Amino acid sequence: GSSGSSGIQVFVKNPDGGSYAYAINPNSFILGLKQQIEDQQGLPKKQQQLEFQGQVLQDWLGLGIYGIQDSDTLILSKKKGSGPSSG
């Protein structure tokens, strides 16, 4: 387990059947959190899409801009599709 007086703990529910508690500052940018999921899970950000209360969290929108709090849940869904251009 982990802990930290500073920062909020969010649960990332994967489309598989589980959830992982991630650590990220509330002032940080959304993208920041995603990265951690791309380096931990290996899944590409462009794919990983977290939605809250039915809203797409941008990258330039801090975790606060929306109003996210600690002990919150985040749904993960891979972009259903694939382009012929892979870089």
# chains A, B, ... in the order shown; residues from 1 in each chain; ligands from 1
call {"tool": "select_by_dssp", "arguments": {"residues": "segment 18-80 of chain A", "states": "strand (DSSP E)", "output": "list in words"}}
result
residues 18, 19, 20, 21, 22, 23, 24, 48, 49, 50, 51, 52, 55, 56, 72, 73, 74, 75, 76, 77 and 78 of chain A
call {"tool": "write_last_selection", "arguments": {"atoms": "N, CA, C and O atoms", "output": "compact mmCIF listing (two decimals), in the first residue's frame"}}
result
# COMPACT_ATOMS: atom_id res chain seq x y z
N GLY A 18 -10.83 -4.60 -12.64
CA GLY A 18 -10.08 -4.24 -11.44
C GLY A 18 -9.85 -2.75 -11.33
O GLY A 18 -10.21 -1.98 -12.23
N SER A 19 -9.23 -2.33 -10.23
CA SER A 19 -8.95 -0.92 -10.00
C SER A 19 -7.64 -0.74 -9.24
O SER A 19 -7.32 -1.52 -8.35
N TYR A 20 -6.89 0.29 -9.61
CA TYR A 20 -5.61 0.57 -8.96
C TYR A 20 -5.58 1.99 -8.41
O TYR A 20 -5.92 2.95 -9.10
N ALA A 21 -5.17 2.12 -7.15
CA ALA A 21 -5.09 3.43 -6.51
C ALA A 21 -3.86 4.20 -6.97
O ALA A 21 -2.72 3.81 -6.69
N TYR A 22 -4.09 5.29 -7.68
CA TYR A 22 -3.00 6.12 -8.19
C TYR A 22 -2.80 7.36 -7.32
O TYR A 22 -3.73 7.82 -6.66
N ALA A 23 -1.58 7.89 -7.33
CA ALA A 23 -1.26 9.08 -6.55
C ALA A 23 -0.86 10.24 -7.45
O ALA A 23 0.08 10.14 -8.24
N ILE A 24 -1.59 11.35 -7.33
CA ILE A 24 -1.31 12.53 -8.14
C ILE A 24 -1.86 13.79 -7.47
O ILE A 24 -2.96 13.78 -6.91
N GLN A 48 -6.17 5.13 -23.74
CA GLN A 48 -6.77 5.26 -22.42
C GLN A 48 -7.57 6.55 -22.31
O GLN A 48 -7.03 7.64 -22.47
N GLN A 49 -8.87 6.41 -22.04
CA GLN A 49 -9.75 7.57 -21.91
C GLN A 49 -10.57 7.49 -20.63
O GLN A 49 -11.45 6.65 -20.50
N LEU A 50 -10.27 8.38 -19.69
CA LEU A 50 -10.98 8.41 -18.41
C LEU A 50 -12.16 9.37 -18.48
O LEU A 50 -12.02 10.52 -18.87
N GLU A 51 -13.33 8.88 -18.08
CA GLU A 51 -14.54 9.69 -18.08
C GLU A 51 -15.12 9.82 -16.68
O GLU A 51 -15.14 8.86 -15.91
N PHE A 52 -15.59 11.02 -16.35
CA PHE A 52 -16.17 11.28 -15.03
C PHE A 52 -17.57 11.86 -15.16
O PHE A 52 -17.81 12.75 -15.98
N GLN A 55 -18.17 12.93 -18.49
CA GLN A 55 -17.43 14.05 -19.04
C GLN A 55 -16.00 13.65 -19.39
O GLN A 55 -15.34 12.96 -18.61
N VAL A 56 -15.53 14.09 -20.55
CA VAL A 56 -14.18 13.78 -20.99
C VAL A 56 -13.17 14.75 -20.40
O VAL A 56 -13.18 15.94 -20.72
N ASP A 72 -12.20 9.06 -5.13
CA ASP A 72 -13.08 9.07 -6.29
C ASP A 72 -12.75 7.91 -7.22
O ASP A 72 -11.65 7.36 -7.18
N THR A 73 -13.72 7.54 -8.06
CA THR A 73 -13.53 6.44 -9.00
C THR A 73 -13.45 6.96 -10.44
O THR A 73 -14.16 7.89 -10.82
N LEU A 74 -12.57 6.35 -11.23
CA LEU A 74 -12.39 6.75 -12.62
C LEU A 74 -12.55 5.55 -13.55
O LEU A 74 -11.89 4.53 -13.37
N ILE A 75 -13.42 5.69 -14.55
CA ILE A 75 -13.65 4.62 -15.51
C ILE A 75 -12.66 4.70 -16.67
O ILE A 75 -12.42 5.77 -17.22
N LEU A 76 -12.09 3.55 -17.03
CA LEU A 76 -11.13 3.48 -18.12
C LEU A 76 -11.71 2.73 -19.31
O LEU A 76 -12.22 1.62 -19.17
N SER A 77 -11.64 3.34 -20.49
CA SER A 77 -12.16 2.73 -21.71
C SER A 77 -11.25 3.03 -22.90
O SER A 77 -10.98 4.19 -23.21
N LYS A 78 -10.78 1.98 -23.56
CA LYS A 78 -9.91 2.13 -24.71
C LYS A 78 -10.70 2.58 -25.94
O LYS A 78 -11.79 2.09 -26.20
call {"tool": "atom_distance", "arguments": {"atom1": "atom CA of residue 16 of chain A", "atom2": "atom CA of residue 64 of chain A"}}
result
27.6 Å
call {"tool": "residues_around", "arguments": {"residues": "segment 30-36 of chain A", "least_positions_apart": "4", "cutoff": "6 Å", "atoms": "only C-alpha atoms", "output": "list in words"}}
result
residues 40, 59, 62 and 63 of chain A
call {"tool": "write_last_selection", "arguments": {"atoms": "N, CA and C atoms", "output": "PDB file, in the first residue's frame"}}
result
ATOM      1  N   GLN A  40       2.776   2.336 -16.257  1.00  0.00           N
ATOM      2  CA  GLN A  40       2.483   1.256 -15.323  1.00  0.00           C
ATOM      3  C   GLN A  40       1.747   0.116 -16.020  1.00  0.00           C
ATOM      4  N   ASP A  59      -6.599  17.543 -21.185  1.00  0.00           N
ATOM      5  CA  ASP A  59      -5.214  17.438 -20.739  1.00  0.00           C
ATOM      6  C   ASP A  59      -4.754  18.737 -20.085  1.00  0.00           C
ATOM      7  N   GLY A  62      -6.740  20.989 -15.212  1.00  0.00           N
ATOM      8  CA  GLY A  62      -6.301  20.428 -13.948  1.00  0.00           C
ATOM      9  C   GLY A  62      -7.371  19.584 -13.284  1.00  0.00           C
ATOM     10  N   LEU A  63      -6.957  18.734 -12.352  1.00  0.00           N
ATOM     11  CA  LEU A  63      -7.889  17.865 -11.642  1.00  0.00           C
ATOM     12  C   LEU A  63      -8.920  18.686 -10.872  1.00  0.00           C
TER      13      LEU A  63
END
call {"tool": "atom_distance", "arguments": {"atom1": "atom CA of residue 9 of chain A", "atom2": "atom CA of residue 54 of chain A"}}
result
20.1 Å
call {"tool": "closest_residue", "arguments": {"among": "A:67, A:44, A:26, A:4", "to": "residue 87 of chain A", "atoms": "only C-alpha atoms"}}
result
A:44
call {"tool": "closest_residue", "arguments": {"among": "A:3, A:53, A:41, A:47", "to": "residue 68 of chain A", "atoms": "only C-alpha atoms"}}
result
A:53
call {"tool": "decode", "arguments": {"residues": "segment 1-19 of chain A", "atoms": "C-alpha atoms", "output": "compact mmCIF listing (two decimals), in the first residue's frame"}}
result
# COMPACT_ATOMS: atom_id res chain seq x y z
CA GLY A 1 0.00 0.00 0.00
CA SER A 2 0.89 3.69 -0.19
CA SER A 3 0.03 7.01 1.45
CA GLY A 4 0.80 10.72 1.42
CA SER A 5 -0.50 13.69 3.39
CA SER A 6 -0.14 15.69 0.18
CA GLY A 7 -2.04 14.76 -2.97
CA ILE A 8 -5.25 12.87 -3.69
CA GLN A 9 -5.81 9.14 -4.24
CA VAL A 10 -7.97 8.11 -7.20
CA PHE A 11 -9.08 4.63 -8.22
CA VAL A 12 -8.56 3.73 -11.88
CA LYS A 13 -11.06 1.03 -12.85
CA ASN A 14 -9.71 -0.83 -15.89
CA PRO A 15 -12.05 -2.23 -18.58
CA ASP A 16 -10.78 -5.67 -17.58
CA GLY A 17 -12.12 -6.07 -14.05
CA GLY A 18 -10.08 -4.24 -11.44
CA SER A 19 -8.95 -0.92 -10.00
